[PDB]
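Here is upload33.cif, consisting of mmCIF, C-alpha atoms and all ligand atoms:
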data_start
#
loop_
_atom_site.group_PDB
_atom_site.id
_atom_site.type_symbol
_atom_site.label_atom_id
_atom_site.label_comp_id
_atom_site.auth_asym_id
_atom_site.auth_seq_id
_atom_site.Cartn_x
_atom_site.Cartn_y
_atom_site.Cartn_z
ATOM 1 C CA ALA A 1 62.208 8.755 -137.496
ATOM 2 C CA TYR A 2 59.242 10.421 -135.925
ATOM 3 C CA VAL A 3 59.214 10.411 -132.123
ATOM 4 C CA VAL A 4 56.245 10.241 -129.618
ATOM 5 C CA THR A 5 56.876 12.723 -126.749
ATOM 6 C CA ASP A 6 55.383 13.563 -123.333
ATOM 7 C CA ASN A 7 51.817 14.538 -124.004
ATOM 8 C CA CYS A 8 50.922 11.087 -125.300
ATOM 9 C CA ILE A 9 51.458 9.697 -121.722
ATOM 10 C CA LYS A 10 48.096 9.092 -120.042
ATOM 11 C CA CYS A 11 46.273 10.259 -123.161
ATOM 12 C CA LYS A 12 47.126 7.438 -125.658
ATOM 13 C CA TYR A 13 44.504 8.348 -128.235
ATOM 14 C CA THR A 14 45.896 5.916 -130.793
ATOM 15 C CA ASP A 15 44.626 7.993 -133.829
ATOM 16 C CA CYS A 16 48.263 7.883 -135.110
ATOM 17 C CA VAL A 17 48.228 4.207 -135.813
ATOM 18 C CA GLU A 18 45.554 4.531 -138.583
ATOM 19 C CA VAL A 19 47.628 6.456 -140.919
ATOM 20 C CA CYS A 20 50.976 4.598 -140.507
ATOM 21 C CA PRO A 21 51.850 2.752 -143.759
ATOM 22 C CA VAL A 22 54.438 0.522 -142.075
ATOM 23 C CA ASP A 23 52.890 -0.212 -138.735
ATOM 24 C CA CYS A 24 55.779 0.881 -136.563
ATOM 25 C CA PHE A 25 53.997 1.905 -133.370
ATOM 26 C CA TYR A 26 54.512 -0.319 -130.248
ATOM 27 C CA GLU A 27 52.114 -0.225 -127.386
ATOM 28 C CA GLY A 28 52.619 0.306 -123.681
ATOM 29 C CA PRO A 29 50.090 0.632 -120.808
ATOM 30 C CA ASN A 30 49.773 4.435 -121.155
ATOM 31 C CA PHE A 31 51.987 5.544 -123.976
ATOM 32 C CA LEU A 32 52.845 4.539 -127.582
ATOM 33 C CA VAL A 33 56.364 4.706 -129.166
ATOM 34 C CA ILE A 34 57.509 4.691 -132.888
ATOM 35 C CA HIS A 35 60.228 2.187 -133.809
ATOM 36 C CA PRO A 36 63.001 4.265 -135.395
ATOM 37 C CA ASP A 37 64.358 1.648 -137.799
ATOM 38 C CA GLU A 38 60.992 0.969 -139.176
ATOM 39 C CA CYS A 39 59.659 4.482 -139.547
ATOM 40 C CA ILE A 40 59.911 5.717 -143.099
ATOM 41 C CA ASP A 41 59.363 9.417 -142.075
ATOM 42 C CA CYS A 42 56.255 9.872 -144.208
ATOM 43 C CA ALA A 43 55.025 12.328 -141.490
ATOM 44 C CA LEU A 44 51.419 11.296 -141.867
ATOM 45 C CA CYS A 45 50.986 10.587 -138.105
ATOM 46 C CA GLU A 46 51.849 13.931 -136.818
ATOM 47 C CA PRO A 47 48.728 15.832 -137.936
ATOM 48 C CA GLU A 48 46.644 12.931 -136.558
ATOM 49 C CA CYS A 49 47.825 13.109 -132.915
ATOM 50 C CA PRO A 50 45.146 15.012 -130.869
ATOM 51 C CA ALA A 51 47.721 15.597 -128.112
ATOM 52 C CA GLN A 52 50.195 16.936 -130.758
ATOM 53 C CA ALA A 53 52.771 14.687 -129.150
ATOM 54 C CA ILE A 54 54.562 13.461 -132.392
ATOM 55 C CA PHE A 55 57.702 15.237 -133.763
ATOM 56 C CA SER A 56 60.231 14.667 -136.396
ATOM 57 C CA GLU A 57 63.317 13.541 -134.561
ATOM 58 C CA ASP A 58 65.061 16.683 -135.719
ATOM 59 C CA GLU A 59 62.328 18.888 -134.315
ATOM 60 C CA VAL A 60 61.906 17.267 -130.808
ATOM 61 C CA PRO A 61 61.975 20.203 -128.360
ATOM 62 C CA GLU A 62 65.187 20.608 -126.294
ATOM 63 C CA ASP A 63 63.503 19.631 -123.120
ATOM 64 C CA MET A 64 62.042 16.442 -124.708
ATOM 65 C CA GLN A 65 65.278 15.030 -126.139
ATOM 66 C CA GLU A 66 65.048 12.034 -123.799
ATOM 67 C CA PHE A 67 62.097 10.782 -125.784
ATOM 68 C CA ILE A 68 64.206 9.990 -128.863
ATOM 69 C CA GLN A 69 66.205 7.290 -127.076
ATOM 70 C CA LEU A 70 63.126 6.264 -125.081
ATOM 71 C CA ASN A 71 61.153 5.487 -128.275
ATOM 72 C CA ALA A 72 64.075 3.438 -129.504
ATOM 73 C CA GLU A 73 64.425 1.367 -126.300
ATOM 74 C CA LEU A 74 60.749 0.725 -125.566
ATOM 75 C CA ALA A 75 59.993 -0.234 -129.183
ATOM 76 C CA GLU A 76 62.249 -3.154 -128.683
ATOM 77 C CA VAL A 77 60.161 -4.385 -125.688
ATOM 78 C CA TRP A 78 56.641 -3.332 -126.303
ATOM 79 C CA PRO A 79 54.070 -5.129 -128.579
ATOM 80 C CA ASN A 80 53.171 -3.855 -132.073
ATOM 81 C CA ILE A 81 49.851 -2.000 -132.220
ATOM 82 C CA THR A 82 48.120 -1.809 -135.646
ATOM 83 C CA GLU A 83 44.404 -0.918 -134.781
ATOM 84 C CA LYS A 84 43.094 2.196 -133.173
ATOM 85 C CA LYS A 85 41.411 1.696 -129.889
ATOM 86 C CA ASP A 86 39.612 3.983 -127.483
ATOM 87 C CA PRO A 87 41.531 6.718 -125.676
ATOM 88 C CA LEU A 88 42.496 6.172 -122.039
ATOM 89 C CA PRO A 89 39.426 7.097 -119.880
ATOM 90 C CA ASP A 90 40.635 10.342 -118.530
ATOM 91 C CA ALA A 91 42.661 11.256 -121.592
ATOM 92 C CA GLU A 92 41.548 14.879 -121.861
ATOM 93 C CA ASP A 93 42.102 15.731 -118.214
ATOM 94 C CA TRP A 94 45.765 14.829 -118.802
ATOM 95 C CA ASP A 95 46.069 16.280 -122.336
ATOM 96 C CA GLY A 96 48.278 19.270 -121.982
ATOM 97 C CA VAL A 97 49.649 18.556 -118.505
ATOM 98 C CA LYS A 98 53.373 18.995 -118.647
ATOM 99 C CA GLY A 99 55.870 16.647 -116.992
ATOM 100 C CA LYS A 100 54.007 13.336 -117.566
ATOM 101 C CA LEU A 101 57.099 11.158 -117.910
ATOM 102 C CA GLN A 102 57.102 10.536 -114.160
ATOM 103 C CA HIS A 103 53.798 8.716 -114.882
ATOM 104 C CA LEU A 104 55.042 6.408 -117.648
ATOM 105 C CA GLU A 105 54.421 2.681 -117.112
ATOM 106 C CA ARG A 106 56.517 -0.097 -118.472
HETATM 107 S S1 LIG B 201 56.201 9.165 -139.847
HETATM 108 FE FE1 LIG B 201 55.010 7.633 -141.067
HETATM 109 S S2 LIG B 201 56.036 5.637 -140.904
HETATM 110 FE FE2 LIG B 201 56.716 7.030 -139.171
HETATM 111 S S3 LIG B 201 55.376 6.339 -137.467
HETATM 112 FE FE3 LIG B 201 54.626 8.166 -138.565
HETATM 113 S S4 LIG B 201 53.010 7.479 -140.004
HETATM 114 FE FE4 LIG B 201 54.317 5.684 -139.400
HETATM 115 S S1 LIG B 202 48.367 10.776 -127.821
HETATM 116 FE FE1 LIG B 202 49.775 9.032 -128.376
HETATM 117 S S2 LIG B 202 48.717 7.108 -128.965
HETATM 118 FE FE2 LIG B 202 49.159 8.438 -130.851
HETATM 119 S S3 LIG B 202 47.480 9.794 -131.388
HETATM 120 FE FE3 LIG B 202 48.942 10.839 -130.021
HETATM 121 S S4 LIG B 202 50.895 9.751 -130.208
#
With the file now loaded, output its structure as structure tokens.
Ligand code: SF4
Ligand code: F3S
Amino acid sequence: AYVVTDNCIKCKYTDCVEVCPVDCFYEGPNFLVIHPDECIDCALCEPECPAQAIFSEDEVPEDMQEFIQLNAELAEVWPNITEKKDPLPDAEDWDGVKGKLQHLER
């Protein structure tokens, strides 16, 4: 599985969903997650993220390990997203800010 980590929060560019062959992104108010059962690990999404927030599960930084289980839990509750949409309004003010998990919305 590929994992969305911290920098997606409050950026949510959605560029990643275009390239996904299996449509395994689920949508929340200010973050996207990849559903781990569904991902086929084709890695096509991780060059597409402008926030460079996607990682192979096995490459998630040490300090972002929480995101692996978080993607798995929220994918079960959040709706499937299959079409790109516009980035959140202030997405590049927040792009690159560390510690955005305190801002996540369910
Ligand atoms: S690695 Fe592939 S299947 Fe997995 S979310 Fe990314 S683009 Fe979709
Ligand atoms: S910011 Fe998020 S919505 Fe996709 S393109 Fe990057 S993982």
Neighbour list for range 88-99 of chain A as JSON, numbers by chain, cut-off 9 Å, all atoms listed in the file, skip fewer than 6 positions in-chain: {"A": [6, 7, 8, 9, 10, 11, 12, 13, 30, 50, 51]}
Result set, the PyMOL selection byres (((chain A and resi 72-80) around 12) and not hetatm) on current file, as an MDAnalysis selection string: chainID A and resid 1:4 17 22:39 57 66:71 81:84 104:106
Minimum-distance residue to residue 54 in chain A, chosen among A:21, A:41, A:86, A:103 (using all atoms listed in the file): A:41
With 6 Å on each side, where is the centre of the axis-aligned box around all listed atoms of ligand LIG 201 (chain B), and how long are its edges in Å to one decimal, as lines of an AutoDock Vina configuration file?
center_x = 54.9
center_y = 7.4
center_z = -139.3
size_x = 15.7
size_y = 15.5
size_z = 15.6
Computed interatomic separation between atom FE4 of ligand LIG 201 (chain B) and CA of residue 64 in chain A (Å):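 Separation between atom FE4 of ligand LIG 201 (chain B) and CA of residue 64 in chain A: 19.8 Å.
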Residue nearest residue 46 in chain A among A:101, A:87, A:58, A:15 (counting all atoms listed in the file): A:15
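In this structure, atom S3 of ligand LIG 202 (chain B) sits 15.5 Å away from CA of residue 42 in chain A.
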Point-to-point distance from CA of residue 53 in chain A to CA of residue 14 in chain A, Å rounded to tenths: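 For CA of residue 53 in chain A relative to CA of residue 14 in chain A, the distance reads 11.3 Å.
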Shortest interatomic distance to residue 59 in chain A - which of A:5, A:102, A:20, A:40, counting only C-alpha atoms: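 The answer is A:5, which sits nearest to residue 59 in chain A.
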Using all atoms listed in the file: which of A:19, A:60, A:49, A:43 has the shortest distance to ligand LIG 202 (chain B): A:49
Selected residue of minimal separation from ligand LIG 202 (chain B) among A:100, A:18, A:65, A:48, counting all atoms listed in the file: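 The shortest atom-to-atom distance to ligand LIG 202 (chain B) comes from A:48.
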